[PDB]
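For reference, the chain that follows is the form solved without the partner chain, supplied as structure tokens.
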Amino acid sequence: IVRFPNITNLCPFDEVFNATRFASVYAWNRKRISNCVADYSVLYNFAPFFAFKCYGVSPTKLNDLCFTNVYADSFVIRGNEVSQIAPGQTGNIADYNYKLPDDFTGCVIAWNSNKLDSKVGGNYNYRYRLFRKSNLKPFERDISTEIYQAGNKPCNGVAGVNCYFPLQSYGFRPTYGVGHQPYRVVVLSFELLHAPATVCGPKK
């Protein structure tokens, strides 16, 4: 607390919340925020947030309790699918794309992004996974794009009827209804007091 009031590494929250382009759900990027002081105040002055929800830690007491190895990951989903980003839920995203552990502590953030991740005539870039063989363990990323056999007839690598690609793109247009705009979602995840703490922030 010498040269400046310490405060050297400010934690890289600004590039995560404010980025030029996010990734799809099936290819969600993931950050390794460590070795800094975590100012949990800059996220509030960002946007009129649509969802600020978490369990086990309370939004005003993140400053005065601290921990180590906080994780931040980002993707964009449909408006009617924000409810599936929570522990214990089921659905297309919550079972085939992105699953949370049942005992999860960390804060999930969502805001509307019509003006940035949508365009006239369809933005056919942001995709999601639709079929697979089985369910998903929590915190997994699946990239593989092979044919899926849905019927009794075994389908080869050639595309045919009853065998389908697992990837379909959200067709984003600015004139959709409320549940069908893109909503950029970032999810924080961290453990409470079971390891040598590294990131704690300036004060309370």
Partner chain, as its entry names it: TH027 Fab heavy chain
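Numbering follows the first chain given and starts at 1. Under this definition, the rigid core comprises the largest set of C-alpha atoms superposing within 1.5 Å between the forms.
Although it is not shown, the form deposited with the partner chain bound is what the next lines describe.
Item to check | Interface residues of 85 to 119 toward the partner chain, as seen in the entry with it bound [heavy atoms, 4.5 Å] | outcome: If the 4.5 Å heavy-atom criterion is applied to the partner chain in the entry with it bound, 85 to 119 yields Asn114, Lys115, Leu116, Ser118, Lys119.
Checklist entry - After the core is superposed, which of these residues, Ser144, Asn135, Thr175, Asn156, moves its CA 2 Å or more between this form and the one not shown? => result It is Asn156.
Next on the checklist: Quick one: with a 3 Å or larger change, is the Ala159 to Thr145 CA distance smaller or larger in the entry with it bound? Answer closer or farther.
Outcome noted: Those two alpha carbons end up farther apart in the entry with it bound.
Next on the checklist: So the CA-CA distance for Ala159 and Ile143 moves by at least 3 angstroms in the entry with it bound. Closer or farther than here?
Outcome noted: It is farther: in the entry with it bound, the C-alpha atoms of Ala159 and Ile143 lie at least 3 Å more apart than they do here.
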